[PDB]
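Just one chain is shown here, as structure tokens, and it is the form deposited in one PDB entry.
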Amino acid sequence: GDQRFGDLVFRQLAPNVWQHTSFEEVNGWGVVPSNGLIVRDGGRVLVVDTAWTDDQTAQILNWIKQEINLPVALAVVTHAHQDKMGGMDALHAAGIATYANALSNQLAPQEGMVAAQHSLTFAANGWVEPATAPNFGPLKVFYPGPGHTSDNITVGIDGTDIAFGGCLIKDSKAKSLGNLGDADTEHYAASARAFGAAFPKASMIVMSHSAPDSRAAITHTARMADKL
């Protein structure tokens, strides 16, 4: 079921999980949807990724205030690209603590993005170091390796059958991995598979530019990456 607030679209995926969608015209691609998540965790709300712009991100915050009416404690952004970090200033103006891979924060200035306030670091097995992600509630953050970008991270939602692949994962019907300009073509397949292995039971795979899919999205993405 889809709900609308301004230029955004919201779809409920689980009793306490919603997908947020914002659009931007991208040369050679079209009017591209970018998806993120909204998670209600007891008396607070957690956000995964911004919208493409500050104005669109402010609309996510206003929709949370209206439909959920619980304060937004934090946001995790999954890499330093406009569709995931374009709205950082809107989060900061609202007093929301922001987190990103330390590498995302390092790359953010070069990418024309505003860095997150806090940096996440990861173990050699890809799992986030818990001292860098305190009070993340059901969010389980995993760095699968370089793929779509060198800094892309993924998030699993504990207590649900959902795992969010961000821009690393394409749906099971995709014909390419899209723009490979910032991609790691040598490690993409292994990174896609590391994401699948980190959340081995998730049956609903959420991704940035397609509607939620089955685990066939992971298998297919990795098969496409094997040809690179």
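All residue numbers are counted from 1 along the displayed sequence.
Not on display, but discussed next: the form deposited with a small molecule bound.
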{"property": "Non-hydrogen atom contact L177 with the small molecule in the deposited complex at 4.5 angstroms", "result": "yes"}
{"property": "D151: touches the small molecule in the deposited complex, heavy atom cutoff 4.5 angstroms", "result": "no"}
{"property": "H220: touches the small molecule in the deposited complex, heavy atom cutoff 4.5 angstroms", "result": "no"}
{"property": "The small molecule contact in the deposited complex: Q117, any heavy atom under 4.5 Å", "result": "no"}
{"property": "Location of the small molecule contact in the deposited complex, chosen stretch of 98 to 106, 153 to 161, 128 to 136, 79 to 87 [non-hydrogen atom, 4.5 Å]", "result": "79 to 87"}
